[PDB]
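Written out below as structure tokens is the structure these notes cover.
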Amino acid sequence: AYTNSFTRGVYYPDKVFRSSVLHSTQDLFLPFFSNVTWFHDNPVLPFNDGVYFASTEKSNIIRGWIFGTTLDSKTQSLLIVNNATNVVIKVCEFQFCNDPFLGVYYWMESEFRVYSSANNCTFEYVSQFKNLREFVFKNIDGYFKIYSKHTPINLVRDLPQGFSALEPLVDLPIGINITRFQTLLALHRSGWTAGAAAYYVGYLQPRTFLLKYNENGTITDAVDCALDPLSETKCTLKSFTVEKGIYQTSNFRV
Amino acid sequence: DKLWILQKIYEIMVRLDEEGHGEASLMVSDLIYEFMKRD
Amino acid sequence: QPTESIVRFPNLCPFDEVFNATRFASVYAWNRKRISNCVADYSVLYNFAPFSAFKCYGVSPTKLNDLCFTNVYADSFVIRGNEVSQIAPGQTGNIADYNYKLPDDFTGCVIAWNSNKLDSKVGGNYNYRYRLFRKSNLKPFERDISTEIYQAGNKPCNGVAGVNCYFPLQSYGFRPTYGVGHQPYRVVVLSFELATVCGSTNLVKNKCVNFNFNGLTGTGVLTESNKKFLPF
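Residue numbers (the deposited numbering), protein chains in the order written: chain C, 27 to 66, 80 to 145, 152 to 173, 186 to 247, 257 to 320; chain D, 1 to 39; chain A, 321 to 331, 335 to 517, 522 to 526, 530 to 562.
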């Protein structure tokens, strides 16, 4: 079904350091308290402007993501897979399987039913619930960026209410259209039954966010300027606390 | 005609290589190239 | 006014695999290695191989270090010493015309070195061949590996060498005793296509300077800081 985003989906807009200051930035952000689609299913989900992905899992069920305009070997696509030793990120032509996944047998990954084609391989990269893993995938100006954050959690299900800045983990010069994506789960062999895990997908929208950078430069809080009239007042005042009084925020037009 | 002398030059090139005169065969090779670049 | 300018830029391409390869191709079947997704130190081209001889037709090898390109191509082969002059823009000759042809507007580098010790053999090294006959000149970066019998006259050759029916390749038959003009040279040609293939001043502190940090151009004094920047 769907869950509430709360204050999650906030990432650093750039590699700029700001300390103890409130910065207003307009960018592709996940709207506050928006509906995030939750799965406990691996459909061909639209990538849209950008994708916020939250993984609540302890068995590492989420084993990767594929991003493609046509999801076929006709056009090159970007796939990230995790073998623990080295995450493999490939911008190359792949013919994906109908139900791509990594099959684990009792536990060792024994099956790789992901693609049948590895041709025109433009880019290859080998890199390094109590665990929440947040990833923002944005493909802009030909560069695809993954913002990653780790959170220690103890909630049984759904997004815990909390604030966590999403540090940029990796940025790569990809340069291919990305319109759809599909997460790859570790579907264990029993006939395939997967272990308990949850993954949440949110579609980023052009939003203005007021971020509170602390002394460390970490975003400790954010305000969605379009979330509610109080948030609009906070954005207009450029302050997280508004004094008593009347403030003009925007103009209502029919 | 051009074909007889071409064949004779070609034959010298071959003969030189068979007799171990490789360097002189390369020199005759260059003449073949030049000759045929003519009309 | 700033006392001096400081430029700061971040702190490998398999060129060893290319220049120091054990085998090289025959010129008629010249080899092409695509190089991509890597960083290369083009400053040391002067010493990428030994006893080299190099010439760049675009900008200097140093400027290659600033530059970036989507792909680099490395073409390599063996020819005679006296034929190395044909691996240049605007040349004609047996090699330029029928084996390996650079465009008139070539802007790359050509590197060649004497390979007598490696490629010459007592009795003749018959591995290395070149094309001697062809019905038309090659277009730039064309490769022709056909071995059809060349029909010099009007009679058919029915697929066999004979009178006026010539096998189109000839061996160089390199021997150690050949003159240098006739000894084998290994040749590498680098062409730069246009960027996943890419190519620093000492830092000064507490001095008014014009600084360039990864394209950030500014003027000021650089001093120690207590700000904890995030890694990104």
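We treat Cβ as the ideally placed atom computed from N, Cα and C, and that holds for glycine.
Taking contact to mean 3 or more Cβ pairs, one atom from each stretch, closer than 8 Å, check whether the segment 530-539 of chain A and the segment 483-492 of chain A are in contact. Too few Cβ pairs lie closer than 8 Å, so no.
Under 8 Å between the Cβ atoms of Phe392 of chain A and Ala484 of chain A? In the third sequence, counting from the first residue as 1, residue 392 of chain A sits at position 69. In the third sequence, counting from the first residue as 1, residue 484 of chain A sits at position 161. No, the pair does not count as a contact, with Cβ atoms beyond the cut-off.
Could you check which residue in A:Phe371, A:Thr430, A:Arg403, A:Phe562 has the C-alpha nearest to that of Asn417 of chain A? Counting from 1 along the third sequence, the entry for residue 417 of chain A is found at position 94. For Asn417 of chain A, the nearest C-alpha among the options comes from A:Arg403.
Given a cut-off of 8 Å, decide if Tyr266 of chain C and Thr33 of chain C are closer than it, judged by their beta-carbon atoms. Residue numbering aside, residue 33 of chain C sits at position 7 when the first sequence is read from its first letter. Residue numbering aside, residue 266 of chain C sits at position 200 when the first sequence is read from its first letter. Taking 8 Å as the Cβ cut-off, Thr33 of chain C and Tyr266 of chain C do not qualify as a contacting pair.
Is it right to say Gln218 of chain C is buried, meaning 16 or more other beta carbons lie within 10 angstroms of its own, or is it exposed? The sequence position of residue 218 of chain C within the first sequence is 161, counting from 1. Classification for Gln218 of chain C: exposed.
Which residues DSSP lists as bridging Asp287 of chain C, in chain order: For the purposes of this step, residue 287 of chain C is identified with residue 221 of the first sequence, where counting begins at 1. C:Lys278.
May I ask you to list, following chain order, the residues of the segment 356-383 of chain A that have a beta carbon less than 9 Å from some beta carbon of chain F? Absent from the structure is chain F; the protein chains it does hold are C, D and A.
Please identify the residue among C:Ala123, C:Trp258, C:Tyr91 whose C-alpha is closest to the C-alpha of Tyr269 of chain C. Residue 269 of chain C sits at position 203 when you count from the first residue of the first sequence. The shortest Cα separation from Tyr269 of chain C among C:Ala123, C:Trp258, C:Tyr91 belongs to C:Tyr91.
Contact set between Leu390 of chain A and chain C, taken where Cβ atoms lie within less than 8 Å: Here residue 390 of chain A is taken as the residue at index 67 of the third sequence, counted from 1. The premise fails here: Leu390 of chain A is roughly 16 Å from chain C at the closest Cβ pair, so nothing lies under 8 Å.
Taking the beta strand (DSSP E) that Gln493 of chain A falls in, what are its first and last residues? Counted from its first residue, the third sequence places residue 493 of chain A at position 170. Counting along the chain, the beta strand (DSSP E) containing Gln493 of chain A begins and ends at 492-494.
Do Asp398 of chain A and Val503 of chain A count as a contact pair if the criterion is CB distance below 8 Å? Mapped onto the third sequence, residue 503 of chain A falls at position 180. Mapped onto the third sequence, residue 398 of chain A falls at position 75. Contact flag unset, no.
Cutting at 7 Å between CB atoms, please list the residues of its own chain near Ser45 of chain C, excluding the five before and the five after it. For the purposes of this step, residue 45 of chain C is taken as residue 19 along the first sequence, with counting starting at 1. For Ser45 of chain C, where only same-chain residues beyond five positions count, the Cβ hits under 7 Å are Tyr279, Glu281, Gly283.
In chain order, each beta strand (DSSP E) run of at least 3 residues that lies wholly inside the segment 378-434 of chain A: List check, beta strand (DSSP E) in window: 394-403.
First and last residue of the uninterrupted alpha helix (DSSP H) at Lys440 of chain A: Looking up residue 440 of chain A in the third sequence gives position 117. Per DSSP, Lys440 of chain A belongs to the alpha helix (DSSP H) from 439-442.
Could you tell me which residues DSSP puts in a beta bridge with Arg246 of chain C? Taking the first sequence and counting its residues from 1, the one referred to as residue 246 of chain C is at position 189. DSSP lists C:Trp258 as partners of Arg246 of chain C.
Got a sec, what are the start and stop residues for the alpha helix (DSSP H) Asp339 of chain A sits in? As a first step, residue 339 of chain A must be located in the third sequence, where it is residue number 16. Element bounds for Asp339 of chain A: 339-342.
Have a look at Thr124 of chain C and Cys525 of chain A and give me their C-alpha separation to the nearest angstrom. Translated into positions along the first sequence, residue 124 of chain C becomes position 85. Translated into positions along the third sequence, residue 525 of chain A becomes position 198. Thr124 of chain C and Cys525 of chain A: Cα-Cα distance of roughly 28 Å.
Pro507 of chain A: first and last residue of the uninterrupted beta strand (DSSP E) it sits in: One-based indexing of the third sequence puts residue 507 of chain A at position 184. Here the beta strand (DSSP E) through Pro507 of chain A covers 507-516.
Go through its chain and collect everything with a Cβ distance to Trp436 of chain A's Cβ below 7 Å, but skip five positions before and after it. Counted from its first residue, the third sequence places residue 436 of chain A at position 113. These residues qualify, in order along the chain: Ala372, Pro373, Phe374, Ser375, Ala376, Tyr508, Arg509.
Taking all protein chains shown into account, do 16 or more other C-beta atoms lie within 10 angstroms of the C-beta of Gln506 of chain A, making it buried, or fewer, making it exposed? Start at 1 with the first residue of the third sequence, and residue 506 of chain A comes out as number 183. Counting Cβ neighbours within 10 Å, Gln506 of chain A comes out buried, since at least 16 surround it.
Quick one: does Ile5 of chain D have its CB under 8 Å from some CB of chain A? For the purposes of this step, residue 5 of chain D is taken as residue 5 along the second sequence, with counting starting at 1. Output row for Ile5 of chain D: interface = no.
8 Å contact criterion, which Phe338 of chain A and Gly431 of chain A should meet: CB distance rounded: As a first step, residue 338 of chain A is located in the third sequence; it is residue number 15 there, counting from the start. As a first step, residue 431 of chain A is located in the third sequence; it is residue number 108 there, counting from the start. The beta-carbon separation of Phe338 of chain A and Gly431 of chain A, rounded to 14 Å, does not stay under the 8 Å limit for a contact.
From D:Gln7, D:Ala24, D:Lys37, residue whose alpha carbon lies closest to that of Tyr501 of chain A: Here residue 501 of chain A refers to the residue found at position 178 when the third sequence is read from its first residue. When only C-alpha atoms are compared, the closest one is D:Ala24.
Rounded to whole angstroms, how far is the Cβ of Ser366 of chain A from the Cβ of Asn388 of chain A, which I believe are closer than 8 Å? Walking along the third sequence from the start, residue 366 of chain A turns up at place 43. Walking along the third sequence from the start, residue 388 of chain A turns up at place 65. Indeed, because the Cβ distance is near 6 Å, the residues count as touching under 8 Å.
Strictly under 8 Å for the Cβ-Cβ distance: is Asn282 of chain C near chain A by that measure? In the first sequence, counting from the first residue as 1, residue 282 of chain C sits at position 216. Judged by the 8 Å Cβ criterion, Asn282 of chain C is in contact with chain A.
Which chain D residues sit within Cβ distance under 9 Å of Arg403 of chain A? Numbered from 1 along the third sequence, position 80 holds the residue referred to as residue 403 of chain A. Within 9 Å Cβ-Cβ: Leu26.
Simplified DSSP assignment, three categories, for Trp353 of chain A: Indexing the third sequence from 1 puts residue 353 of chain A at position 30. Coil, per DSSP.
Tell me the DSSP secondary structure of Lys37 of chain D in three-state form. Your numbering for residue 37 of chain D matches position 37 in the second sequence. In the three-state reduction of the DSSP assignment, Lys37 of chain D falls in the helix class.
For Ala123 of chain C, name the three-state secondary structure that DSSP assigns. On the first sequence, position 84 is the one that residue 123 of chain C refers to. Correct three-state label for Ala123 of chain C: coil.
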